[PDB]
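Participant: Dropping the structure in here first, questions after.
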Amino acid sequence: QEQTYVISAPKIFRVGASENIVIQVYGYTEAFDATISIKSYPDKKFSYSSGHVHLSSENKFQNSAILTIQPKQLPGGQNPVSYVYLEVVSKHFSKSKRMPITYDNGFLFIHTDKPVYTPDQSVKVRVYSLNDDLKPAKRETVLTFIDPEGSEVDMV
Amino acid sequence: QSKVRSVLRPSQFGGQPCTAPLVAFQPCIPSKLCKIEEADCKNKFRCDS
Amino acid sequence: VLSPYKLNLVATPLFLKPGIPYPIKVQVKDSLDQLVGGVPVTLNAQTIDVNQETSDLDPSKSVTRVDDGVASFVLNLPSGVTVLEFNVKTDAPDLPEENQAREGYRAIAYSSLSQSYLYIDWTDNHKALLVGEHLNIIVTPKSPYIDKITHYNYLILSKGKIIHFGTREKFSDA
Amino acid sequence: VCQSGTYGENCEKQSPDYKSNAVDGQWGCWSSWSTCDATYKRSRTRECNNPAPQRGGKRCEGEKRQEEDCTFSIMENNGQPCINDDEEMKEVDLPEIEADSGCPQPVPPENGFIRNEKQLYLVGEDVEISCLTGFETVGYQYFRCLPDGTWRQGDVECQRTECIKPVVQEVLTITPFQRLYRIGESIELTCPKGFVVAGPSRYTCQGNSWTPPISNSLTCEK
Amino acid sequence: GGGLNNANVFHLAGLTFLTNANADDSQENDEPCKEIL
Amino acid sequence: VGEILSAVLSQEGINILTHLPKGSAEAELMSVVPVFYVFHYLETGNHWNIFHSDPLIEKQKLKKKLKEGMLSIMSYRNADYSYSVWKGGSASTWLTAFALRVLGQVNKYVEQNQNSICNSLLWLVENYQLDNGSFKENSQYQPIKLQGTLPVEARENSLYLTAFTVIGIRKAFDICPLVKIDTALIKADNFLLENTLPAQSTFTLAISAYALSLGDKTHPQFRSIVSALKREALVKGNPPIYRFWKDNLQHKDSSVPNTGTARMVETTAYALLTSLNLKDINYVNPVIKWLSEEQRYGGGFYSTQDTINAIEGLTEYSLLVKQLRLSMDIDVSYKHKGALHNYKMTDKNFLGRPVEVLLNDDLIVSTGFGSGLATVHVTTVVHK
Amino acid sequence: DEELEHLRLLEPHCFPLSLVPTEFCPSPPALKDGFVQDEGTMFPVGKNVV
């Protein structure tokens with residue numbers, strides 16, 4: 001069992017995140033290529049993303065693919081996708097594992113111009129909107145205001 | 001995925017046996033998920049089996 | 001409160017590298033917890049190395065740091081230790097042990113089948129690494145088969161994501 | 001498989017005592033099922049013909065025919081469910097913890113009922129009461145679930161509008177004129193033969209009730 | 001850091017891994033780990 | 001709307017239309033009786049709007065079949081507008097009530113003449129209204145298996161008849177309003193109620209509750225009987241995923257449809273239709289799911305009763321979902337002063353902001369016809 | 001012939017791999033006042049661009 005591999009990945013894929021998947025192989029000398037792929041689960045039919053990676057002593061037989069799950073390519077609807085296949089394919093091995101996915105992507109920092117307001121006031125409010133990559137997300141955002149009784153009062 | 005065929009007549013009295021398998025299996029990639037779950041059997045002592 | 005203090009670990013792994021000085025840190029806290037910083041604390045420990053030879057350690061003593069709250073300890077455990085379990089108690093002489101808050105904790109070795117390990121020379125430097133400095137960590141695989149282990153591989157991960165990956169070769173120095 | 005007194009690999013040679021040679025008879029298998037009959041029953045038959053009985057051999061045993069209902073998969077059966085033995089519960093099932101502390105269903109006011117019953121209502125959910133057929137709402141008909149599980153209980157109560165056509169154990173002794181009456185209207189209690197057994201010969205719902213004789217609704221003699 | 005095992009090390013590191021080298025992360029699950037650093 | 005459970009027919013609707021060959025035993029009747037209800041089901045519209053997973057049912061084939069069904073069902077009317085399955089057979093109030101139910105549905109394409117319906121109803125009520133119980137079957141003790149269903153034991157067996165006739169009458173009533181028939185309804189409901197108070201065996205309770213859900217939906221004893229039905233429900237899971245009813249040791253095994261599985265499927269379809277009349281979508285859901293499983297596979301006894309009543313319930317559910325689907329363009333204005341505001345209340349925008357009713361005028365609120373339900377409040381603050 | 005398709009599909013590492021792509025799109029079309037965020041020489045079938 002000298003010829004072996006490790007593919008390592010985040011515990012959970014974030015939807016829309018650019019996820020960097022790294023691969024190392026051992027007991028190989030002939031340089032060869034592998035593909036790391038993210039595929040629909042369970043049917044593996046649709047492929048969300050794929051990365052060709054080349055392995056050689058020139059790379060000390062190490063490489064990574066950057067793979068991503070653009071949110072519209074998921075089927076969506078009432079049942080969001082809970083799980084996705086991570087796959088690796090080579091001349092020497094093929095394997096796939098059921099990764100979990102999460103739609104928790106980035107940060108929405110609400111900032112209200114004060115913590116206390118009288119009646120007969122208007123709040124100024126703004127939201128800082130950042131990716132998982134901490135870049136400005138440039139996404140549509142919605143606010144919902146709940147009274148102390150838990151009654152929804154406004155959405156914008 | 002299972003594929004089958006049927007005997008049209010048996011051999012007997014020392015005729016040629018049918019020789020070929022009546023059932024073939026092929027590894028699919030399934031469409032659905034399994035809906036199985038373990039039985040809790042309430043209080044009863046669950047053997048490790 | 002008669003037992004107003006409470007105690008917890010901070011940043012401690014509960015995993016042992018044998019022979020390497022194993023650091024322990026504790027934060028004393030109150031009900032409505034602040035960093036008390038002024039409490040004496042002491043440590044008592046028991047160990048196992050092989051075939052369950054139960055070996056007790058000598059106790060140790062630290063003050064809490066007045067600013068950090070941290071009481072710190074380091075144990076020069078046996079080169080062959082397999083598990084440690086221990087108690088930490090408030091040693092404030094004005095509080096009896098029914099009042100001097102105390103806790104018990106267990107740590108366990110990496111349990112390699114191949115007796116094959118990869119320890120790091122990290123003290124757990126308490127001070128935040130400044131951006132744009134070069135980190136240097138020497139890394140020490142130890143194994144029956146180190147001659148085989150041409151290189152170790154490293155990954156630096158931030159948040160959810162791998163951000164650096166690479167390879168770290170064996171010198172002729174072994 | 002060979003009868004005792006015959007041997008060889010397929011029972012081919014008889015012992016000297018063996019009698020009644022070429023006695024035969026055993027079942028053939030069933031037909032495929034018939035098309036469904038007038039009563040939507042299918043059937044199949046087996047002919048006792050493999051072999052036909054001979055020389056006093058038995059008729060092929062048992063029932064020569066089967067008959068069965070005709071039945072089909074009506075609904076979209078997309079997959080077999082895992083269904084277990086003794087799976088049901090009665091209403092005896094233990095109530096959930098309700099640890100989310102959403103409000104339990106309120107008791108409606110007297111002469112009130114809930115339009116939309118549920119086991120639990122969300123915080124900020126509101127429930128509508130309505131009055132029974134004989135009753136009218138006075139007050140604000142909604143309760144609103146607060147974060148502590150209380151109900152913002154409105155002042156609403158359902159007042160009596162009307163008195164129904166009264167029911168007491170005797171048949172007849174009553175008028176068909178209406179199923180419902182305003183308060184203070186008469187009720188005619190008309191005896192079929194002009195007699196009175198108990199209570200007033202003619203009475204009225206006194207707002208609260210008729211206060212009638214409960215034991216005997218004018219059991220007049222005939 | 002650290003871990004009871006290779007699989008435990010990777011899981012606590014927030015990774016998972018595919019390997020033929022006689023280990024798998026399916027031994028562990030997303031427990032509500034809530035230690036303090 | 002909440003949870004929507006997509007219970008639908010298989011491709012077997014082709015069979016349910018093309019049903020087992022027309023002929024004697026009124027195999028013809030048993031074949032066309034599902035046709036009317038399949039028609040009604042598709043008149044949810046969706047299924048005519050979209051069959052595209054499979055080759056379409058030809059709409060003109062359906063219209064033909066419906067017309068032929070009406071032609072057949074006329075053949076079973078007695079001269080006196082009673083009904084007999086045989087042309088010279090004994091007149092039956094049972095079959096009359098069945099016909100009246102069917103003939104309530106068809107009118108969108110083929111109305112039956114109201115006179116003939118009135119004559120049928122008049123004959124039924126005038127001959128067989130009774131002082132206590134009602135509509136005792138006139139002259140046919142011989143049951144029919146696949147058209148009929150198990151009668152009760154003699155004790156309050158009138159419950160079944162009263163309920164069944166009531167159902168058919170109510171479905172015909174909108175095409176023959178007659179005050180004497182209304183009176184017969186009131187009487188029948190009173191008797192069936194007074195006989196349901198002792199909780200006769202649960203099938204009678206379920207069918208009576210379904211009859212009562214056509215009547216005064218807020219009658220206190222009706223609501224008590226519904227509470228009894230609810231106490232008799234069976235469920236799976238602490239939050240019920242499935243709900244159904246068993247009686248008469250139907251907890252025995254049945255790997256095939258049979259009289260006991262029939263009893264189960266009908267009693268559950270009746271509890272379903274009762275709760276659908278209470279609009280009780282949240283309670284209906286686990287019933288729809290349990291029905292969808294077809295557990296007790298093949299269904300009922302494959303009677304025309306169990307299948308008809310199941311597909312009726314599923315149709316009603318399919319209707320109710322689209323009913324609750326929210327689209328309601330509210331407009332609000334003062335009476336003498338001008339318009340105040342408009343809310344495009346929609347599933348995607350289900351909650352507009354509260355609005356200050358500044359002006360000292362009477363306030364009128366209304367909406368386009370639209371769809372679904374809303375609640376609108378005004379509150380007043382005064383310093384006293 | 002059921003093998004030549006199906007098992008090659010299921011266990012491609014078991015067979016000769018023409019792993020490197022052989023079919024490609026043209027270069028992605030330009031936007032007004034915009035660009036493809038990642039340039040590249042090769043655009044295999046099924047590749048996304050953003």
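Identifiers in the structure tokens: chain A, B, ... in order shown; residue index from 1 per chain; ligand index from 1 in order shown.
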List the spatial neighbours of segment 18-27 of chain D as a list in words - criterion: any atom at most 9 Å away, only C-alpha atoms, same-chain residues fewer than 5 positions off excluded.

Facilitator: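 Listing them by chain and then by number gives residues 5, 6, 46, 47, 48, 49, 50, 51, 52, 53, 54, 55, 56, 57, 58, 59, 60, 61 and 64 of chain D.
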
Participant: For a quick test of understanding: name the residues of chain A lying within 10 Å of chain F when counting only C-alpha atoms, and present them as an MDAnalysis selection string.

Facilitator: chainID A and resid 152:156

Participant: Mind giving me the straight-line distance from atom CA of residue 20 of chain E to atom CA of residue 113 of chain C in Å, one decimal?

Facilitator: 16.1 Å

Participant: What are the DSSP alpha helix (DSSP H) residues of segment 270-363 of chain F, as JSON, numbers by chain?

Facilitator: {"F": [270, 271, 272, 273, 274, 275, 276, 277, 281, 282, 283, 284, 285, 286, 287, 288, 289, 290, 291, 292, 304, 305, 306, 307, 308, 309, 310, 311, 312, 313, 314, 315, 316, 317, 318, 319, 320, 321, 322, 323, 324]}

Participant: Could the residues in this selection be written to a file with N, CA and C atoms, as a short mmCIF file (atom, residue, chain, number, x, y, z; two decimals), in the first residue's frame?

Facilitator:
```cif
data_model
loop_
_atom_site.label_atom_id
_atom_site.label_comp_id
_atom_site.auth_asym_id
_atom_site.auth_seq_id
_atom_site.Cartn_x
_atom_site.Cartn_y
_atom_site.Cartn_z
N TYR F 270 -64.04 10.11 4.78
CA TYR F 270 -65.11 10.90 5.39
C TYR F 270 -64.58 11.86 6.45
N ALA F 271 -63.65 11.41 7.29
CA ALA F 271 -63.01 12.34 8.22
C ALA F 271 -62.27 13.45 7.47
N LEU F 272 -61.57 13.09 6.39
CA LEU F 272 -60.95 14.06 5.51
C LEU F 272 -61.95 15.09 4.99
N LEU F 273 -63.04 14.63 4.38
CA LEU F 273 -64.01 15.57 3.81
C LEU F 273 -64.66 16.44 4.88
N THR F 274 -64.93 15.87 6.06
CA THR F 274 -65.38 16.67 7.19
C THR F 274 -64.40 17.80 7.49
N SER F 275 -63.13 17.46 7.69
CA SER F 275 -62.15 18.48 8.06
C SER F 275 -61.90 19.46 6.92
N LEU F 276 -62.03 19.01 5.67
CA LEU F 276 -61.95 19.92 4.54
C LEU F 276 -63.08 20.94 4.56
N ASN F 277 -64.28 20.52 4.96
CA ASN F 277 -65.37 21.48 5.12
C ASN F 277 -65.10 22.46 6.26
N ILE F 281 -56.87 22.74 6.84
CA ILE F 281 -55.71 22.30 6.05
C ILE F 281 -54.63 21.69 6.93
N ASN F 282 -54.32 22.35 8.05
CA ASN F 282 -53.26 21.87 8.92
C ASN F 282 -53.57 20.49 9.48
N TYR F 283 -54.83 20.21 9.79
CA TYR F 283 -55.21 18.87 10.21
C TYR F 283 -55.28 17.90 9.04
N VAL F 284 -55.71 18.38 7.87
CA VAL F 284 -55.81 17.53 6.68
C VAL F 284 -54.45 16.98 6.26
N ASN F 285 -53.41 17.78 6.35
CA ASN F 285 -52.13 17.41 5.74
C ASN F 285 -51.68 15.97 6.02
N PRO F 286 -51.52 15.55 7.28
CA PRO F 286 -51.10 14.16 7.52
C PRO F 286 -52.10 13.12 7.06
N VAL F 287 -53.37 13.48 6.89
CA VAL F 287 -54.33 12.58 6.25
C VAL F 287 -54.04 12.43 4.77
N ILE F 288 -53.88 13.55 4.06
CA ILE F 288 -53.44 13.48 2.66
C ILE F 288 -52.20 12.61 2.53
N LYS F 289 -51.21 12.80 3.40
CA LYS F 289 -49.99 12.01 3.29
C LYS F 289 -50.27 10.52 3.49
N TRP F 290 -51.03 10.16 4.52
CA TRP F 290 -51.35 8.76 4.75
C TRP F 290 -52.14 8.14 3.60
N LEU F 291 -53.08 8.89 3.03
CA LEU F 291 -53.75 8.46 1.80
C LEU F 291 -52.76 8.24 0.66
N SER F 292 -51.87 9.20 0.44
CA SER F 292 -50.90 9.09 -0.64
C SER F 292 -50.07 7.81 -0.57
N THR F 304 -66.45 1.16 -5.76
CA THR F 304 -66.64 2.50 -6.30
C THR F 304 -66.79 3.53 -5.18
N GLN F 305 -67.20 3.10 -3.99
CA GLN F 305 -67.38 4.04 -2.89
C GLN F 305 -66.05 4.59 -2.40
N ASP F 306 -65.16 3.70 -1.94
CA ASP F 306 -63.88 4.14 -1.41
C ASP F 306 -63.12 5.00 -2.42
N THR F 307 -63.06 4.55 -3.67
CA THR F 307 -62.29 5.28 -4.68
C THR F 307 -62.92 6.64 -4.96
N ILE F 308 -64.24 6.67 -5.11
CA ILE F 308 -64.94 7.93 -5.38
C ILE F 308 -64.70 8.92 -4.26
N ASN F 309 -64.92 8.50 -3.02
CA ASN F 309 -64.82 9.41 -1.89
C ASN F 309 -63.39 9.86 -1.64
N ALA F 310 -62.41 8.98 -1.87
CA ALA F 310 -61.01 9.38 -1.82
C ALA F 310 -60.69 10.43 -2.87
N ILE F 311 -61.07 10.19 -4.12
CA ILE F 311 -60.73 11.16 -5.16
C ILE F 311 -61.49 12.47 -4.97
N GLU F 312 -62.69 12.42 -4.39
CA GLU F 312 -63.41 13.65 -4.04
C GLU F 312 -62.64 14.45 -2.99
N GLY F 313 -62.24 13.80 -1.91
CA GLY F 313 -61.41 14.46 -0.91
C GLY F 313 -60.14 15.07 -1.47
N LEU F 314 -59.40 14.30 -2.26
CA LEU F 314 -58.16 14.82 -2.85
C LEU F 314 -58.44 16.02 -3.75
N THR F 315 -59.54 15.98 -4.50
CA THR F 315 -59.94 17.13 -5.31
C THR F 315 -60.17 18.35 -4.43
N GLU F 316 -61.00 18.20 -3.40
CA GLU F 316 -61.26 19.29 -2.46
C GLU F 316 -59.98 19.89 -1.89
N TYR F 317 -59.06 19.06 -1.40
CA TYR F 317 -57.75 19.55 -0.96
C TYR F 317 -57.06 20.39 -2.05
N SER F 318 -56.98 19.84 -3.26
CA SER F 318 -56.34 20.55 -4.36
C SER F 318 -56.99 21.91 -4.60
N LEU F 319 -58.31 21.97 -4.49
CA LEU F 319 -59.02 23.25 -4.54
C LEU F 319 -58.58 24.18 -3.40
N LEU F 320 -58.65 23.69 -2.16
CA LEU F 320 -58.35 24.51 -0.99
C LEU F 320 -56.99 25.18 -1.04
N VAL F 321 -55.96 24.46 -1.50
CA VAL F 321 -54.64 25.08 -1.66
C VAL F 321 -54.72 26.35 -2.51
N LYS F 322 -55.24 26.24 -3.74
CA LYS F 322 -55.38 27.42 -4.59
C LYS F 322 -56.30 28.48 -4.00
N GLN F 323 -57.33 28.08 -3.26
CA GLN F 323 -58.14 29.07 -2.53
C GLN F 323 -57.30 29.91 -1.58
N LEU F 324 -56.48 29.28 -0.75
CA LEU F 324 -55.72 30.05 0.23
C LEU F 324 -54.57 30.83 -0.39
#
```

Participant: How many Å lie between atom CA of residue 100 of chain A and atom CA of residue 83 of chain A, rounded to one decimal?

Facilitator: 4.5 Å

Participant: Which residues are near residue 165 of chain D? Cut-off 12 Å, only C-alpha atoms, ignore same chain within fewer than 3 positions. Put them as a VMD selection string.

Facilitator: (chain D and resid 134 162 168 172 to 183 185 to 189 204 to 205 209 to 210) or (chain F and resid 186 to 187 190)

Participant: Next, dump the selected residues to file, keeping only N, CA, C and O atoms, as an mmCIF file, in the first residue's frame.

Facilitator:
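And here's selection.cif as it stands now:
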```
data_model
loop_
_atom_site.group_PDB
_atom_site.id
_atom_site.type_symbol
_atom_site.label_atom_id
_atom_site.label_comp_id
_atom_site.auth_asym_id
_atom_site.auth_seq_id
_atom_site.Cartn_x
_atom_site.Cartn_y
_atom_site.Cartn_z
ATOM 1 N N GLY D 134 -76.141 30.382 17.749
ATOM 2 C CA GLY D 134 -77.080 31.207 18.477
ATOM 3 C C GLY D 134 -76.536 32.470 19.111
ATOM 4 O O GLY D 134 -77.277 33.134 19.842
ATOM 5 N N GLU D 162 -80.238 34.249 20.300
ATOM 6 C CA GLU D 162 -81.498 33.547 20.108
ATOM 7 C C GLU D 162 -81.531 32.291 20.968
ATOM 8 O O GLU D 162 -80.502 31.806 21.444
ATOM 9 N N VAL D 168 -86.464 18.209 24.181
ATOM 10 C CA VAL D 168 -86.649 17.466 25.419
ATOM 11 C C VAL D 168 -87.307 16.144 25.041
ATOM 12 O O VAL D 168 -87.941 16.019 23.990
ATOM 13 N N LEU D 172 -92.857 15.215 19.457
ATOM 14 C CA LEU D 172 -93.957 16.186 19.382
ATOM 15 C C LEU D 172 -93.992 17.034 20.657
ATOM 16 O O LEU D 172 -92.952 17.293 21.277
ATOM 17 N N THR D 173 -95.190 17.465 21.053
ATOM 18 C CA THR D 173 -95.375 18.478 22.092
ATOM 19 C C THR D 173 -94.686 19.795 21.745
ATOM 20 O O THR D 173 -94.243 20.526 22.633
ATOM 21 N N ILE D 174 -94.588 20.116 20.454
ATOM 22 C CA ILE D 174 -93.813 21.269 20.004
ATOM 23 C C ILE D 174 -94.376 21.727 18.666
ATOM 24 O O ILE D 174 -95.049 20.968 17.967
ATOM 25 N N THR D 175 -94.098 22.985 18.307
ATOM 26 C CA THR D 175 -94.504 23.539 17.019
ATOM 27 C C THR D 175 -93.376 23.432 15.988
ATOM 28 O O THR D 175 -92.200 23.579 16.338
ATOM 29 N N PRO D 176 -93.707 23.174 14.720
ATOM 30 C CA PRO D 176 -92.707 23.224 13.645
ATOM 31 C C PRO D 176 -92.372 24.617 13.125
ATOM 32 O O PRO D 176 -91.542 24.722 12.215
ATOM 33 N N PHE D 177 -92.981 25.687 13.650
ATOM 34 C CA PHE D 177 -92.909 26.986 12.978
ATOM 35 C C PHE D 177 -91.480 27.441 12.695
ATOM 36 O O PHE D 177 -91.214 28.014 11.633
ATOM 37 N N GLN D 178 -90.545 27.206 13.613
ATOM 38 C CA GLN D 178 -89.172 27.601 13.323
ATOM 39 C C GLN D 178 -88.188 26.804 14.166
ATOM 40 O O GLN D 178 -88.526 26.310 15.245
ATOM 41 N N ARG D 179 -86.964 26.690 13.648
ATOM 42 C CA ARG D 179 -85.843 26.103 14.371
ATOM 43 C C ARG D 179 -85.194 27.063 15.364
ATOM 44 O O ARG D 179 -84.350 26.625 16.154
ATOM 45 N N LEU D 180 -85.554 28.345 15.347
ATOM 46 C CA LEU D 180 -84.838 29.356 16.114
ATOM 47 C C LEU D 180 -85.791 30.499 16.429
ATOM 48 O O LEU D 180 -86.675 30.823 15.630
ATOM 49 N N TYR D 181 -85.607 31.109 17.602
ATOM 50 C CA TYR D 181 -86.516 32.134 18.091
ATOM 51 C C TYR D 181 -85.738 33.236 18.795
ATOM 52 O O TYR D 181 -84.708 32.976 19.421
ATOM 53 N N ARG D 182 -86.217 34.471 18.667
ATOM 54 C CA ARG D 182 -85.656 35.548 19.466
ATOM 55 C C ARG D 182 -85.960 35.310 20.942
ATOM 56 O O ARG D 182 -86.910 34.611 21.309
ATOM 57 N N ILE D 183 -85.129 35.908 21.796
ATOM 58 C CA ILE D 183 -85.386 35.877 23.229
ATOM 59 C C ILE D 183 -86.754 36.478 23.524
ATOM 60 O O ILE D 183 -87.193 37.434 22.872
ATOM 61 N N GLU D 185 -89.567 35.304 22.785
ATOM 62 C CA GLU D 185 -90.619 34.723 21.963
ATOM 63 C C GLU D 185 -91.293 33.564 22.691
ATOM 64 O O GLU D 185 -90.677 32.864 23.500
ATOM 65 N N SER D 186 -92.574 33.367 22.394
ATOM 66 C CA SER D 186 -93.295 32.203 22.888
ATOM 67 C C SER D 186 -92.801 30.924 22.216
ATOM 68 O O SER D 186 -92.257 30.938 21.108
ATOM 69 N N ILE D 187 -93.000 29.805 22.910
ATOM 70 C CA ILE D 187 -92.927 28.473 22.321
ATOM 71 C C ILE D 187 -94.227 27.738 22.630
ATOM 72 O O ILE D 187 -94.685 27.740 23.778
ATOM 73 N N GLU D 188 -94.828 27.125 21.606
ATOM 74 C CA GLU D 188 -96.257 26.833 21.652
ATOM 75 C C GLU D 188 -96.580 25.550 22.412
ATOM 76 O O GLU D 188 -97.721 25.381 22.854
ATOM 77 N N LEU D 189 -95.605 24.654 22.578
ATOM 78 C CA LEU D 189 -95.758 23.434 23.381
ATOM 79 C C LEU D 189 -97.052 22.672 23.079
ATOM 80 O O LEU D 189 -97.598 21.989 23.948
ATOM 81 N N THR D 204 -92.214 30.517 27.162
ATOM 82 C CA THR D 204 -91.302 31.411 26.462
ATOM 83 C C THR D 204 -89.888 31.201 26.985
ATOM 84 O O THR D 204 -89.689 30.838 28.147
ATOM 85 N N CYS D 205 -88.905 31.432 26.114
ATOM 86 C CA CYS D 205 -87.508 31.496 26.535
ATOM 87 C C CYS D 205 -87.274 32.825 27.245
ATOM 88 O O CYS D 205 -87.321 33.889 26.619
ATOM 89 N N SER D 209 -83.139 30.963 29.559
ATOM 90 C CA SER D 209 -83.684 29.689 29.111
ATOM 91 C C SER D 209 -85.186 29.719 29.348
ATOM 92 O O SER D 209 -85.719 30.648 29.960
ATOM 93 N N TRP D 210 -85.868 28.686 28.853
ATOM 94 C CA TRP D 210 -87.268 28.499 29.210
ATOM 95 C C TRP D 210 -87.453 28.084 30.664
ATOM 96 O O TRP D 210 -88.561 28.216 31.190
ATOM 97 N N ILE F 186 -83.550 19.640 7.850
ATOM 98 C CA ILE F 186 -83.467 20.007 9.261
ATOM 99 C C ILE F 186 -83.862 18.823 10.143
ATOM 100 O O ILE F 186 -83.158 18.468 11.095
ATOM 101 N N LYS F 187 -85.000 18.196 9.827
ATOM 102 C CA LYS F 187 -85.428 16.980 10.524
ATOM 103 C C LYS F 187 -84.375 15.873 10.501
ATOM 104 O O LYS F 187 -84.045 15.292 11.543
ATOM 105 N N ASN F 190 -81.476 16.667 12.646
ATOM 106 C CA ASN F 190 -81.830 16.513 14.055
ATOM 107 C C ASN F 190 -81.813 15.051 14.486
ATOM 108 O O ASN F 190 -81.238 14.705 15.526
#
```
